[PDB]
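A short write-up of the structure that comes next.
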Amino acid sequence: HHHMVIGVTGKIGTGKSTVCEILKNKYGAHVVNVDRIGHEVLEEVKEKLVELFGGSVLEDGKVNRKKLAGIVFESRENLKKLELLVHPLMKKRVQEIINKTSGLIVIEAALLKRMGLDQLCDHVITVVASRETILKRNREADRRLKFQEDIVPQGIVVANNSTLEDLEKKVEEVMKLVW
Ligand SMILES: CC(C)(COP(=O)(O)OP(=O)(O)OC[C@@H]1O[C@@H](n2cnc3c(N)ncnc32)[C@H](O)[C@@H]1O)[C@H](O)C(=O)NCCC(=O)NCCS
Ligand SMILES: Nc1ncnc2c1ncn2[C@@H]1O[C@H](COP(=O)(O)OP(=O)(O)O)[C@@H](O)[C@H]1O
């Protein structure tokens, strides 16, 4: 399993998904959506969540991300408790995909550095964009940005403050460098 791993990080609404879609569609990347892997992990730790945050994190007998987000994004203390529970398992799961996968692998994660995933990467792209731009694009951003102050530019910075065609040109220039 010969492969190259490129991390794609950046704050919410900056353009990670969009960059990753381009890498997938034009360059053949296998995209590891670290958010989705989080969702799968949540289901695996239902009992511990209930132990941490009460039955309300649930809808019926069921983990509900809207209710959980309501809790964890009101407090750094709460968010840390969740991160301590799910990050180790998500890391293990990322590593496992990397090991089983050949070719170009893209690790899409806002929290690339916080989770130590950047150390799995051969190169890192950080997507950046102005606050005003982020707020026009994503409605959770006002609330979640407050918990992303440690997501600072690393590796190759790709500014996404104009058009999609312009973003496509920049992604192509980066791939010319590293691929
Ligand atoms: C509170 C949860 C349930 C909210 O889930 P929800 O489906 O509403 O959104 P989802 O997490 O899929 O994605 C939007 C996200 O908001 C932001 N976000 C998610 N987790 C975090 C976090 N721990 N800190 C800061 N921002 C976060 C990110 O930019 C991310 O793209 C959260 O996603 C969660 O399951 N635990 C956080 C685990 C984690 O660190 N996930 C992100 C990995 S990059
Ligand atoms: N250059 C752009 N122009 C207009 N809209 C954009 C641009 N880049 C991204 N978007 C839009 O902004 C939203 C957030 O993009 P996304 O790529 O999901 O950010 P992230 O994945 O970093 O959280 C998406 O709905 C996308 O369609």
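By convention here, the chains of the structure tokens are called A, B, ... in the order presented, each chain's residues are numbered starting at 1, and ligands are numbered starting at 1 in the order presented.
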Next on the checklist: When DSSP is applied to the backbone of this structure, which of stretch 88-170 of chain A are assigned alpha helix (DSSP H)? Write them out as a ChimeraX atom specification.
Outcome noted: /A:88-99,131-137,141-145,164-170
Residues of the last selection are to be written out with N, CA and C atoms, as a JSON list (two decimals), in the first residue's frame.
[["chain", "number", "residue", "atom", "x", "y", "z"],
["A", 88, "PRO", "N", -9.72, 9.89, 20.15],
["A", 88, "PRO", "CA", -8.82, 8.73, 20.05],
["A", 88, "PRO", "C", -9.34, 7.63, 19.12],
["A", 89, "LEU", "N", -10.63, 7.35, 19.23],
["A", 89, "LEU", "CA", -11.26, 6.37, 18.36],
["A", 89, "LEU", "C", -11.31, 6.81, 16.90],
["A", 90, "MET", "N", -11.48, 8.11, 16.66],
["A", 90, "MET", "CA", -11.52, 8.60, 15.28],
["A", 90, "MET", "C", -10.15, 8.54, 14.64],
["A", 91, "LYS", "N", -9.12, 8.86, 15.42],
["A", 91, "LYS", "CA", -7.73, 8.74, 14.98],
["A", 91, "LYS", "C", -7.41, 7.31, 14.57],
["A", 92, "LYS", "N", -7.73, 6.37, 15.43],
["A", 92, "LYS", "CA", -7.50, 4.96, 15.15],
["A", 92, "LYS", "C", -8.13, 4.55, 13.81],
["A", 93, "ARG", "N", -9.32, 5.08, 13.57],
["A", 93, "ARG", "CA", -10.10, 4.76, 12.41],
["A", 93, "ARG", "C", -9.48, 5.40, 11.15],
["A", 94, "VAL", "N", -9.01, 6.63, 11.26],
["A", 94, "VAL", "CA", -8.29, 7.25, 10.15],
["A", 94, "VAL", "C", -7.04, 6.43, 9.77],
["A", 95, "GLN", "N", -6.20, 6.13, 10.76],
["A", 95, "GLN", "CA", -4.97, 5.38, 10.52],
["A", 95, "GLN", "C", -5.23, 4.06, 9.80],
["A", 96, "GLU", "N", -6.28, 3.39, 10.23],
["A", 96, "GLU", "CA", -6.72, 2.14, 9.65],
["A", 96, "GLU", "C", -7.09, 2.30, 8.14],
["A", 97, "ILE", "N", -7.77, 3.37, 7.78],
["A", 97, "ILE", "CA", -8.08, 3.62, 6.38],
["A", 97, "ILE", "C", -6.81, 3.87, 5.56],
["A", 98, "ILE", "N", -5.94, 4.72, 6.10],
["A", 98, "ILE", "CA", -4.67, 5.00, 5.48],
["A", 98, "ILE", "C", -3.91, 3.71, 5.18],
["A", 99, "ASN", "N", -3.83, 2.83, 6.17],
["A", 99, "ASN", "CA", -3.10, 1.58, 6.00],
["A", 99, "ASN", "C", -3.66, 0.68, 4.93],
["A", 131, "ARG", "N", -13.78, 36.14, 7.73],
["A", 131, "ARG", "CA", -14.91, 35.90, 8.59],
["A", 131, "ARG", "C", -16.20, 36.24, 7.85],
["A", 132, "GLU", "N", -16.24, 37.38, 7.17],
["A", 132, "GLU", "CA", -17.49, 37.78, 6.51],
["A", 132, "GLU", "C", -17.85, 36.73, 5.49],
["A", 133, "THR", "N", -16.85, 36.25, 4.74],
["A", 133, "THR", "CA", -17.08, 35.22, 3.72],
["A", 133, "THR", "C", -17.63, 33.95, 4.38],
["A", 134, "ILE", "N", -17.01, 33.54, 5.48],
["A", 134, "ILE", "CA", -17.46, 32.34, 6.15],
["A", 134, "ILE", "C", -18.91, 32.48, 6.61],
["A", 135, "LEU", "N", -19.23, 33.62, 7.21],
["A", 135, "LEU", "CA", -20.59, 33.84, 7.70],
["A", 135, "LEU", "C", -21.66, 33.87, 6.59],
["A", 136, "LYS", "N", -21.36, 34.41, 5.42],
["A", 136, "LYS", "CA", -22.33, 34.36, 4.29],
["A", 136, "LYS", "C", -22.60, 32.91, 3.87],
["A", 137, "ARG", "N", -21.60, 32.04, 4.04],
["A", 137, "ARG", "CA", -21.68, 30.67, 3.52],
["A", 137, "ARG", "C", -22.27, 29.60, 4.44],
["A", 141, "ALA", "N", -21.50, 28.78, 11.63],
["A", 141, "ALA", "CA", -20.17, 29.35, 11.82],
["A", 141, "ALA", "C", -20.12, 30.35, 12.97],
["A", 142, "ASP", "N", -21.10, 31.24, 13.06],
["A", 142, "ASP", "CA", -21.08, 32.23, 14.15],
["A", 142, "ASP", "C", -20.80, 31.51, 15.47],
["A", 143, "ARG", "N", -21.51, 30.41, 15.71],
["A", 143, "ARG", "CA", -21.40, 29.67, 16.97],
["A", 143, "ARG", "C", -20.12, 28.85, 17.08],
["A", 144, "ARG", "N", -19.69, 28.22, 15.98],
["A", 144, "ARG", "CA", -18.59, 27.27, 16.06],
["A", 144, "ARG", "C", -17.22, 27.88, 15.91],
["A", 145, "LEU", "N", -17.14, 29.03, 15.25],
["A", 145, "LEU", "CA", -15.84, 29.72, 15.10],
["A", 145, "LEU", "C", -15.19, 30.00, 16.44],
["A", 164, "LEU", "N", -15.09, 29.94, -7.46],
["A", 164, "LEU", "CA", -14.76, 28.54, -7.55],
["A", 164, "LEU", "C", -13.72, 28.26, -8.63],
["A", 165, "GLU", "N", -13.82, 28.92, -9.77],
["A", 165, "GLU", "CA", -12.81, 28.76, -10.82],
["A", 165, "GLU", "C", -11.43, 29.16, -10.28],
["A", 166, "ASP", "N", -11.38, 30.24, -9.49],
["A", 166, "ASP", "CA", -10.12, 30.69, -8.90],
["A", 166, "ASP", "C", -9.60, 29.69, -7.91],
["A", 167, "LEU", "N", -10.49, 29.10, -7.13],
["A", 167, "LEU", "CA", -10.10, 28.03, -6.23],
["A", 167, "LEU", "C", -9.59, 26.82, -7.01],
["A", 168, "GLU", "N", -10.25, 26.46, -8.09],
["A", 168, "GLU", "CA", -9.79, 25.36, -8.95],
["A", 168, "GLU", "C", -8.39, 25.60, -9.53],
["A", 169, "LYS", "N", -8.10, 26.83, -9.93],
["A", 169, "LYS", "CA", -6.75, 27.17, -10.40],
["A", 169, "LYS", "C", -5.73, 26.95, -9.27],
["A", 170, "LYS", "N", -6.05, 27.42, -8.07],
["A", 170, "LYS", "CA", -5.09, 27.32, -6.97],
["A", 170, "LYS", "C", -4.85, 25.88, -6.59]]
Checklist entry - Tell me, which residues of stretch 78-162 of chain A carry DSSP strand (DSSP E or B), written as a PyMOL selection string? => result chain A and resi 103-108+123-128+156-159
Those selected residues, please, written with N, CA and C atoms and delivered as a PDB file, in the first residue's frame.
ATOM      1  N   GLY A 103      -2.611   5.056  -3.309  1.00  0.00           N
ATOM      2  CA  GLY A 103      -2.788   6.222  -4.170  1.00  0.00           C
ATOM      3  C   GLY A 103      -2.872   7.499  -3.362  1.00  0.00           C
ATOM      4  N   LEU A 104      -3.608   8.478  -3.875  1.00  0.00           N
ATOM      5  CA  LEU A 104      -3.749   9.785  -3.218  1.00  0.00           C
ATOM      6  C   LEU A 104      -4.866   9.775  -2.157  1.00  0.00           C
ATOM      7  N   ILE A 105      -4.491  10.053  -0.916  1.00  0.00           N
ATOM      8  CA  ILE A 105      -5.441  10.039   0.184  1.00  0.00           C
ATOM      9  C   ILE A 105      -5.504  11.419   0.745  1.00  0.00           C
ATOM     10  N   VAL A 106      -6.717  11.940   0.923  1.00  0.00           N
ATOM     11  CA  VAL A 106      -6.937  13.294   1.443  1.00  0.00           C
ATOM     12  C   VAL A 106      -7.679  13.187   2.770  1.00  0.00           C
ATOM     13  N   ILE A 107      -7.119  13.754   3.814  1.00  0.00           N
ATOM     14  CA  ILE A 107      -7.734  13.726   5.136  1.00  0.00           C
ATOM     15  C   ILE A 107      -8.387  15.071   5.353  1.00  0.00           C
ATOM     16  N   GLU A 108      -9.700  15.103   5.252  1.00  0.00           N
ATOM     17  CA  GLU A 108     -10.426  16.349   5.362  1.00  0.00           C
ATOM     18  C   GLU A 108     -10.807  16.482   6.820  1.00  0.00           C
ATOM     19  N   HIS A 123       1.792  16.192   3.142  1.00  0.00           N
ATOM     20  CA  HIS A 123       1.614  17.634   2.959  1.00  0.00           C
ATOM     21  C   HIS A 123       0.305  18.041   3.583  1.00  0.00           C
ATOM     22  N   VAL A 124       0.221  19.306   3.952  1.00  0.00           N
ATOM     23  CA  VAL A 124      -0.986  19.869   4.519  1.00  0.00           C
ATOM     24  C   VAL A 124      -1.363  21.101   3.722  1.00  0.00           C
ATOM     25  N   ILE A 125      -2.625  21.176   3.325  1.00  0.00           N
ATOM     26  CA  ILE A 125      -3.207  22.381   2.763  1.00  0.00           C
ATOM     27  C   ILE A 125      -4.123  22.978   3.838  1.00  0.00           C
ATOM     28  N   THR A 126      -3.961  24.263   4.129  1.00  0.00           N
ATOM     29  CA  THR A 126      -4.960  24.981   4.934  1.00  0.00           C
ATOM     30  C   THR A 126      -5.770  25.880   4.033  1.00  0.00           C
ATOM     31  N   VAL A 127      -7.090  25.725   4.047  1.00  0.00           N
ATOM     32  CA  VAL A 127      -7.931  26.640   3.333  1.00  0.00           C
ATOM     33  C   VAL A 127      -8.284  27.786   4.271  1.00  0.00           C
ATOM     34  N   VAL A 128      -8.154  29.016   3.776  1.00  0.00           N
ATOM     35  CA  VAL A 128      -8.537  30.181   4.589  1.00  0.00           C
ATOM     36  C   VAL A 128      -9.511  31.060   3.856  1.00  0.00           C
ATOM     37  N   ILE A 156       0.523  24.558   3.143  1.00  0.00           N
ATOM     38  CA  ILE A 156       0.291  25.398   2.001  1.00  0.00           C
ATOM     39  C   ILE A 156      -1.078  26.055   2.169  1.00  0.00           C
ATOM     40  N   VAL A 157      -1.071  27.384   2.199  1.00  0.00           N
ATOM     41  CA  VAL A 157      -2.260  28.161   2.433  1.00  0.00           C
ATOM     42  C   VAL A 157      -2.906  28.475   1.111  1.00  0.00           C
ATOM     43  N   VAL A 158      -4.167  28.079   0.969  1.00  0.00           N
ATOM     44  CA  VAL A 158      -4.971  28.322  -0.212  1.00  0.00           C
ATOM     45  C   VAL A 158      -6.168  29.218   0.188  1.00  0.00           C
ATOM     46  N   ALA A 159      -6.078  30.490  -0.163  1.00  0.00           N
ATOM     47  CA  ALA A 159      -7.122  31.463   0.124  1.00  0.00           C
ATOM     48  C   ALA A 159      -8.326  31.248  -0.805  1.00  0.00           C
TER      49      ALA A 159
END
Checklist outcome for this item: Of A:122, A:35, A:44, A:149, the one nearest to ligand 1 when counting only C-alpha atoms and all ligand atoms is A:35
Write out as a Markdown table the residues of chain A that have any atom within 7 Å of an atom of ligand 2, one row each with the nearest atom pair and its distance in Å to one decimal, counting only C-alpha atoms and all ligand atoms, sorted by chain and then rising number.
| residue | atom | partner | partner_atom_place_in_ligand_line | distance |
| --- | --- | --- | --- | --- |
| A:10 | CA | ligand 2 | 22 (O) | 6.0 |
| A:11 | CA | ligand 2 | 22 (O) | 6.0 |
| A:12 | CA | ligand 2 | 23 (O) | 3.8 |
| A:13 | CA | ligand 2 | 19 (O) | 3.5 |
| A:14 | CA | ligand 2 | 22 (O) | 4.0 |
| A:15 | CA | ligand 2 | 17 (O) | 3.2 |
| A:16 | CA | ligand 2 | 22 (O) | 3.6 |
| A:17 | CA | ligand 2 | 21 (O) | 3.7 |
| A:18 | CA | ligand 2 | 17 (O) | 3.9 |
| A:19 | CA | ligand 2 | 17 (O) | 6.6 |
| A:137 | CA | ligand 2 | 12 (O) | 4.6 |
| A:138 | CA | ligand 2 | 14 (C) | 6.0 |
| A:160 | CA | ligand 2 | 1 (N) | 5.5 |
| A:161 | CA | ligand 2 | 1 (N) | 6.0 |
| A:162 | CA | ligand 2 | 1 (N) | 5.1 |
| A:163 | CA | ligand 2 | 1 (N) | 4.1 |
| A:164 | CA | ligand 2 | 1 (N) | 4.2 |
| A:167 | CA | ligand 2 | 1 (N) | 6.3 |
For the interface of chain A with ligand 1 (cut-off 7 Å, counting only C-alpha atoms and all ligand atoms), please tabulate each contacting residue of chain A alongside its nearest pair of atoms and their separation in Å to one decimal, rows sorted by chain and increasing number, as CSV.
residue,atom,partner,partner_atom_place_in_ligand_line,distance
A:11,CA,ligand 1,29 (O),5.8
A:12,CA,ligand 1,29 (O),4.0
A:34,CA,ligand 1,44 (S),5.2
A:35,CA,ligand 1,12 (O),4.6
A:36,CA,ligand 1,12 (O),6.2
A:38,CA,ligand 1,35 (O),5.3
A:39,CA,ligand 1,35 (O),5.6
A:42,CA,ligand 1,35 (O),6.3
A:65,CA,ligand 1,3 (C),4.3
A:66,CA,ligand 1,8 (O),5.6
A:68,CA,ligand 1,1 (C),5.5
A:69,CA,ligand 1,1 (C),3.9
A:72,CA,ligand 1,1 (C),6.1
A:79,CA,ligand 1,23 (N),6.2
A:82,CA,ligand 1,36 (N),6.5
A:83,CA,ligand 1,38 (C),5.7
A:86,CA,ligand 1,38 (C),6.3
A:87,CA,ligand 1,40 (O),6.4
A:109,CA,ligand 1,44 (S),4.0
A:110,CA,ligand 1,44 (S),4.5
A:111,CA,ligand 1,44 (S),4.4
A:112,CA,ligand 1,44 (S),6.5
A:144,CA,ligand 1,26 (N),5.6
A:147,CA,ligand 1,25 (C),4.9
A:148,CA,ligand 1,25 (C),5.2
Could those residues be written to a file, using C-alpha atoms, as an mmCIF file, in the first residue's frame?
data_model
loop_
_atom_site.group_PDB
_atom_site.id
_atom_site.type_symbol
_atom_site.label_atom_id
_atom_site.label_comp_id
_atom_site.auth_asym_id
_atom_site.auth_seq_id
_atom_site.Cartn_x
_atom_site.Cartn_y
_atom_site.Cartn_z
ATOM 1 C CA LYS A 11 -11.930 26.762 9.791
ATOM 2 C CA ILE A 12 -15.605 26.008 9.146
ATOM 3 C CA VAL A 34 -13.169 13.018 9.407
ATOM 4 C CA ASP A 35 -16.561 14.498 10.348
ATOM 5 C CA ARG A 36 -18.439 11.385 9.034
ATOM 6 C CA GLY A 38 -16.945 11.146 14.022
ATOM 7 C CA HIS A 39 -20.634 10.410 13.386
ATOM 8 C CA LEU A 42 -20.689 8.661 18.282
ATOM 9 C CA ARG A 65 -26.245 15.482 16.904
ATOM 10 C CA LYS A 66 -28.396 18.663 16.983
ATOM 11 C CA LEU A 68 -25.540 17.233 21.429
ATOM 12 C CA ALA A 69 -24.204 20.274 19.552
ATOM 13 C CA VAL A 72 -21.159 21.025 23.658
ATOM 14 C CA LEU A 79 -16.661 20.187 24.198
ATOM 15 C CA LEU A 82 -16.645 14.957 24.114
ATOM 16 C CA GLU A 83 -13.294 15.350 22.319
ATOM 17 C CA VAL A 86 -14.258 10.443 20.533
ATOM 18 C CA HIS A 87 -10.942 11.753 19.149
ATOM 19 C CA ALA A 109 -10.613 17.731 8.871
ATOM 20 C CA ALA A 110 -11.029 21.175 10.424
ATOM 21 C CA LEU A 111 -9.285 19.721 13.492
ATOM 22 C CA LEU A 112 -6.333 18.231 11.662
ATOM 23 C CA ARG A 144 -18.588 27.269 16.056
ATOM 24 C CA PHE A 147 -14.173 27.006 19.244
ATOM 25 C CA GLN A 148 -11.730 27.164 16.255
#
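Distances to residue A:21 were evaluated for A:151, A:171, A:178, A:85 using only C-alpha atoms, and the minimum falls at A:171.
For the residues A:49, A:32, A:117, A:20, ranking by smallest atom-to-atom distance to residue A:78 using only C-alpha atoms places A:49 first.
Here atom CA of residue A:50 stands at a distance of 28.1 Å from atom CA of residue A:150.
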